[PDB]
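Step one of this worksheet: look at the structure below.
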Amino acid sequence: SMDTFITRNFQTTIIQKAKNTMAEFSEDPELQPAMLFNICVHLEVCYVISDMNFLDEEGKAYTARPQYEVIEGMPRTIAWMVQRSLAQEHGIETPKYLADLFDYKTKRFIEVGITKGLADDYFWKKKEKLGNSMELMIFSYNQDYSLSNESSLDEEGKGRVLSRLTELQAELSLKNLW
Amino acid sequence: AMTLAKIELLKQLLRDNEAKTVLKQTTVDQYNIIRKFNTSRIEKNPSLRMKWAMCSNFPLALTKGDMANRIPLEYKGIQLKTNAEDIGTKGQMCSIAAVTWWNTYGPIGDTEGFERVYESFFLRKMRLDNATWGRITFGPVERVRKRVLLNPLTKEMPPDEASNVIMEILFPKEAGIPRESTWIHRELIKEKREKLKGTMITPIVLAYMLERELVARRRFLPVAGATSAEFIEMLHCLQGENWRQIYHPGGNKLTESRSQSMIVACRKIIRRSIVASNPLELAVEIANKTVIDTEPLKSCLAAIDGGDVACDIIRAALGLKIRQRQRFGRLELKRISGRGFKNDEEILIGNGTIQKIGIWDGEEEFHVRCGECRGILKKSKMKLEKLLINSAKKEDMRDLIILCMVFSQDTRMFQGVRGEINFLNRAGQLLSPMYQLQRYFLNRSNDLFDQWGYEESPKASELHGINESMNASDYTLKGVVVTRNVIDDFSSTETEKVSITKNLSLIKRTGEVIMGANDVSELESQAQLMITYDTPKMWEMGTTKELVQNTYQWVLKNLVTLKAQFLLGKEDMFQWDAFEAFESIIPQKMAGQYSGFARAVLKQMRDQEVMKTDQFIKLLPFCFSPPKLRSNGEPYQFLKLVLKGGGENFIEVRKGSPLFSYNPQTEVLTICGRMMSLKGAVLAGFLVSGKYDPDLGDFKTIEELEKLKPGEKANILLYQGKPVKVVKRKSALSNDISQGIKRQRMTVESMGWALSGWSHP
Amino acid sequence: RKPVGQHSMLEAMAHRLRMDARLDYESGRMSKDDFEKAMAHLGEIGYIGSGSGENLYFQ
Numbered sequence: 000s001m002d003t004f005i006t007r008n009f010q011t012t013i014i015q016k017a018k019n020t021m022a023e024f025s026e027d028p029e030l031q032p033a034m035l036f037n038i039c040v041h042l043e044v045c046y047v048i049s050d051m052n053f054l055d056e057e058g059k060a061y062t063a074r075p076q077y078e079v080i081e082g083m084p085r086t087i088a089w090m091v092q093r094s095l096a097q098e099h100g101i102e103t104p105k106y107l108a109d110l111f112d113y114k115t116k117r118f119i120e121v122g123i124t125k126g127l128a129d130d131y132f133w134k135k136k137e138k139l140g141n142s143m144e145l146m147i148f149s150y151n152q153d154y155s156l157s158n159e160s161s162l163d164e165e166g167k168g169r170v171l172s173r174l175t176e177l178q179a180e181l182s183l184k185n186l187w
Numbered sequence: 000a001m002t003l004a005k006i007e008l009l010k011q012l013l014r015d016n017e018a019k020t021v022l023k024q025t026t027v028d029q030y031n032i033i034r035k036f037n038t039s040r041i042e043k044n045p046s047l048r049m050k051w052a053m054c055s056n057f058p059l060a061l062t063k064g065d066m067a068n069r070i071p072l073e074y075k076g077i078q079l080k081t082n083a084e085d086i087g088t089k090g091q092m093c094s095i096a097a098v099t100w101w102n103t104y105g106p107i108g109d110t111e112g113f114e115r116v117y118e119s120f121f122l123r124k125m126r127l128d129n130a131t132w133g134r135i136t137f138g139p140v141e142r143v144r145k146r147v148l149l150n151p152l153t154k155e156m157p158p159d160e161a162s163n164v165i166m167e168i169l170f171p172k173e174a175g176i177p178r179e180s181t182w183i184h185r186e187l188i189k190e191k192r193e194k195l196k197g198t199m200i201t202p203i204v205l206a207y208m209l210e211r212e213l214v215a216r217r218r219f220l221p222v223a224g225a226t227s228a229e230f231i232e233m234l235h236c237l238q239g240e241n242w243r244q245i246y247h248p249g250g251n252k253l254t255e256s257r258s259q260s261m262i263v264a265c266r267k268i269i270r271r272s273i274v275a276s277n278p279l280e281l282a283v284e285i286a287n288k289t290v291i292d293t294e295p296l297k298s299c300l301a302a303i304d305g306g307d308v309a310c311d312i313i314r315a316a317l318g319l320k321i322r323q324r325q326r327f328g329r330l331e332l333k334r335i336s337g338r339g340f341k342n343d344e345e346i347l348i349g350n351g352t353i354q355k356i357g358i359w360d361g362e363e364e365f366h367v368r369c370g371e372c373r374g375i376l377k378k379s380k381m382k383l384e385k386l387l388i389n390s391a392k393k394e395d396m397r398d399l400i401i402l403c404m405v406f407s408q409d410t411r412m413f414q415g416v417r418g419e420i421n422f423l424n425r426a427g428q429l430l431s432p433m434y435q436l437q438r439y440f441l442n443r444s445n446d447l448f449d450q451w452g453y454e455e456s457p458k459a460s461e462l463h464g465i466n467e468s469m470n471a472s473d474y475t476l477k478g479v480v481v482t483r484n485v486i487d488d489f490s491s492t493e494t495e496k497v498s499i500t501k502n503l504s505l506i507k508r509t510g511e512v513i514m515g516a517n518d519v520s521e522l523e524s525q526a527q528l529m530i531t532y533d534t535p536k537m538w539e540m541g542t543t544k545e546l547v548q549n550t551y552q553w554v555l556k557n558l559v560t561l562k563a564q565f566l567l568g569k570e571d572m573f574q575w576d577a578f579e580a581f582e583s584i585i586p587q588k589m590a591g592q593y594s595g596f597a598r599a600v601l602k603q604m605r606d607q608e609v610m611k612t613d614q615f616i617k618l619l620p621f622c623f624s625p626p627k628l629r630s631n632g633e634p635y636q637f638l639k640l641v642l643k644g645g646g647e648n649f650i651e652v653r654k655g656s657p658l659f660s661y662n663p664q665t666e667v668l669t670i671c672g673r674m675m676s677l678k679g693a694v695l696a697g698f699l700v701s702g703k704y705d706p707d708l709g710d711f712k713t714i715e716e717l718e719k720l721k722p723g724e725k726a727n728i729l730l731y732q733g734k735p736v737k738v739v740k741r742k745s746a747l748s749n750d751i752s753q754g755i756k757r758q759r760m761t762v763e764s765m766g767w768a769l770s771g772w773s774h775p
Numbered sequence: 705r706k707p708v709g710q711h712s713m714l715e716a717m718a719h720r721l722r723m724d725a726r727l728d729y730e731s732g733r734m735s736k737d738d739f740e741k742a743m744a745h746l747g748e749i750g751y752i753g754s755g756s757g758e759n760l761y762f763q
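Protein chains in written order, with the authors' numbering: chain A, 0 to 63, 74 to 187; chain C, 0 to 679, 693 to 742, 745 to 775; chain B, 705 to 763.
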């Protein structure tokens, strides 16, 4: 029963919004734990990337107006209102699909990716559906990662994600659910 | 660095519009197609073409480069190479002499490491030089056409595994996935890495030369006697159809090394696991934590495709294929036709008892083997319609005929039973009906052959019949035939997945069973590679002295635990698993007495006195068995404690003995001739940034990790198959994530505020 | 190792040669000047690799 594993490891707020996401796709949560788990991870990682990365009042990155803005984990009715308002404020074209994160320093939209195996291979299967609209961020459970050169994710945050992913990968393989 | 030079060349290809559309349209998948693309015609008869071209002027083709230009145009009136540039490459060609000139007058190259690159070939020369050559013998040899390994390996693996090893050696960045049962050859990888470092030979070759000494080259050959690679390589010289030749190799012991140990290791895991209840659960928990030399047993059983029976049983328990074959005691069977329904029935047998047997129904055929003799079987419902065998050892020719008559379930077999047949195994359990009949007819063979009857021999040139005495005759046993023609080897190429029972029997997916626990061989031998059993239960299958070792060694390790339970004063501390094995060397007649004595002495040290460390260790192993006291109620008392074997094997209670002695002034504890002195949070720095990177060096331990500065990289080997890059800290997750949400809830509330048409600040 | 990928050969070589330079700057094989050279040179290769006809030479 993975429903318990999710309730132990993920926080209350992560789960509620992960279900709210599946409610707008018109799908049943409790009869498909497989999908809900990834949505919680995907949702968790999207926060993690933001969390610590601040920007100071002029325009530089440090650790402690944040550097990123979180889209994933909101209602569609608002998310699109947000995304559209960001694109027209900073003066770039509005993406055709709904993005996950938005960079304030780079003024770019971001799509986060969680994979099991090769980060490089999953990267390319995003390229085929996104061309070069958004900055991709691929993280894998087994310690792989693919990122852009122009992206502004420091060694600190990359750790937070990859460590948490493997921490869940170990807790899955320990109790046989991987 | 090369990096930038690649980009410049790529841009220079994108100038040409044809090459642009190649790289744009053609896929990474299709790379494998376009590399083989050529114009030309593949010309028949290359040997004809070679002789023709070699006689011509300029048959060779030459690669352009700085090294090509150091070859001159002429040399003493001889044309080496040609100018005539082809417009495509702007390139050149040359003649046979051009190569010969290079080997004579050309430049020196860095041929350092060449020996270590082609090591697999150089080991063949090492075998030939040091090998002593024995006597020659002219005589007819029967050559068995067996499946055999052609070339000896450094470490046997499958292609799937060896590739991911080869990758982490030569191409560590591109390797990709960090696999479980792949890295753990870190000894071999780190060894190959440093050996193949200074050389500058083409990687594609290095990979091929690694593959030659890590992948099995197994073909069928006519073989007799030895079945080991270091012999097989020389087979052309070792034997022919009508002669023989003795040979003793370089003598470093390979191939057989793991094959022999793996057999014994598995067999001995079985013998221990059979007895106690739930053999499967023990066979697993043991085999998981067993070791051969350095490799865990999992990877050995999986990689090597040999084994006997116990190997395949242990394989199945852990979870890998074994081989599509069927075994019955000593008999081997491969299904060649037919399929049967094992169907329960009540059966009367000859002696006059009702056994509940399953009856194989339906037409069937089988390729069958036993020992040195091989043959073919045909049976039906409780009837052996036909059997064939080959001229071989009479001991095994007999056993084969018997065991076929058993599994054929012929009514003539069942009627030939005389006397009771209550046979047991090692653990003291009732053998199932047919496994019982097996050992009866192997023992009492003559009772069967009389009941069987005789018929005419088949008059075909290369055949003859046999009788009770296993000799040539014009009479023959009803069904059985012998042939002059020699038969194929065992032969079982394909592999299959299998499930396992509580009693270590292997079940095929259909419902029937193929490999039973009872089918193993009793024959024992010693392990060539050094086995190590980290589990406690298997200490039993050491010797007397080495068990006293491993027990007292376990007490020294877990002193803090045992000494804490001592203060509490309960009877659970005496019932540890380690002391259950120690009872195997105490004679049964005396065990409980020693325990009653030992418990009384350790009780006395708790109540009336203070702690005495050496005696507490000395006496604790004897306390396992239930306390057998005197008739009046008080305990027995002793001076010395005798163990199995006798002579030197005894523990003195008072002070010193050979097995055990403590010197109180210097405080030195001698255990079987081994001295042992008795004098007396960081996992938060666990941020995973990348993967195994050679730049950071060797795998650093805990001590050095504390001294690293905040915000710096390092290599760590974490747990169960994880070689990963790590960074030092520089909050703790849970509070961070909630704060990220509060910033999102901020954004949301303003956008709702906006939907009505307001703002926050 | 026969490589696998549905995407384009060029498209990959661009993405790979990017990261090689990224790593070679951090580890200390290439300088800022040689790195921004590559990122610029590659930048072009991107625009070249997403056209539909001419190479669009310039003056």
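Ideal placement from N, C-alpha and C gives every residue a C-beta, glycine not left out.
Nearest neighbour of residue i, chosen from the options [CA to CA]
i, options, result
"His463 (chain C)", "C:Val479, C:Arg326, C:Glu523 and C:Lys191", "C:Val479"
"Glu345 (chain C)", "C:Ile388, C:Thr482 and C:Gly357", "C:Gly357"
"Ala725 (chain B)", "A:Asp153, A:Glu176 and A:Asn158", "A:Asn158"
"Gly138 (chain C)", "C:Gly239, C:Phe230 and C:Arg508", "C:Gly239"
"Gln354 (chain C)", "C:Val416, C:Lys124, C:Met261 and C:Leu642", "C:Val416"
Nearest-angstrom Cα separation, counted from residue j out to residue i
i, j, result
"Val512 (chain C)", "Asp571 (chain C)", "42 Å"
"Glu26 (chain A)", "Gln15 (chain A)", "15 Å"
"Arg211 (chain C)", "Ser94 (chain C)", "33 Å"
"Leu13 (chain C)", "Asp737 (chain B)", "23 Å"
"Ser594 (chain C)", "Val519 (chain C)", "38 Å"
"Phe440 (chain C)", "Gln574 (chain C)", "45 Å"
"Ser336 (chain C)", "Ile400 (chain C)", "20 Å"
"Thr198 (chain C)", "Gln29 (chain C)", "32 Å"
"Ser472 (chain C)", "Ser460 (chain C)", "14 Å"
"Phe36 (chain A)", "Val170 (chain A)", "16 Å"
"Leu503 (chain C)", "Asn277 (chain C)", "9 Å"
"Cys403 (chain C)", "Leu383 (chain C)", "8 Å"
"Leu253 (chain C)", "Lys742 (chain C)", "51 Å"
"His247 (chain C)", "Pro657 (chain C)", "43 Å"
"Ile499 (chain C)", "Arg314 (chain C)", "10 Å"
Residues bridged to residue i [DSSP beta-bridge criterion]
i, result
"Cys93 (chain C)", "C:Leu59 and C:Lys80"
"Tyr77 (chain A)", "A:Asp112"
"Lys377 (chain C)", "C:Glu364 and C:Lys385"
"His463 (chain C)", "C:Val481"
"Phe118 (chain A)", "A:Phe111"
"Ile506 (chain C)", "C:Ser498 and C:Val512"
Start and end residues, beta strand (DSSP E) containing residue i
i, result
"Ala726 (chain C)", "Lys725 to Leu729"
"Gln325 (chain C)", "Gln325 to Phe327"
"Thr62 (chain A)", "Segment: none, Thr62 (chain A) is in no beta strand (DSSP E) and carries neither H nor E."
Coarse secondary structure for residue i, derived from DSSP in three states
i, result
"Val609 (chain C)", "coil"
"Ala471 (chain C)", "strand"
"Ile358 (chain C)", "strand"
"residue 69 (chain A)", "Shown without residue 69 (chain A), the model has chain A running from 63 straight on to 74."
Residue i at chain F interface by Cβ criterion, 8 Å
i, result
"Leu253 (chain C)", "As a matter of chain content, chain F is missing from the structure shown, whose protein chains are A, C and B."
Bounding residues of the alpha helix (DSSP H) (the contiguous stretch that carries residue i)
i, result
"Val736 (chain C)", "It is not in any alpha helix (DSSP H) - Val736 (chain C) instead sits in the beta strand (DSSP E) that spans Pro735 to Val739."
"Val554 (chain C)", "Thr543 to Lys556"
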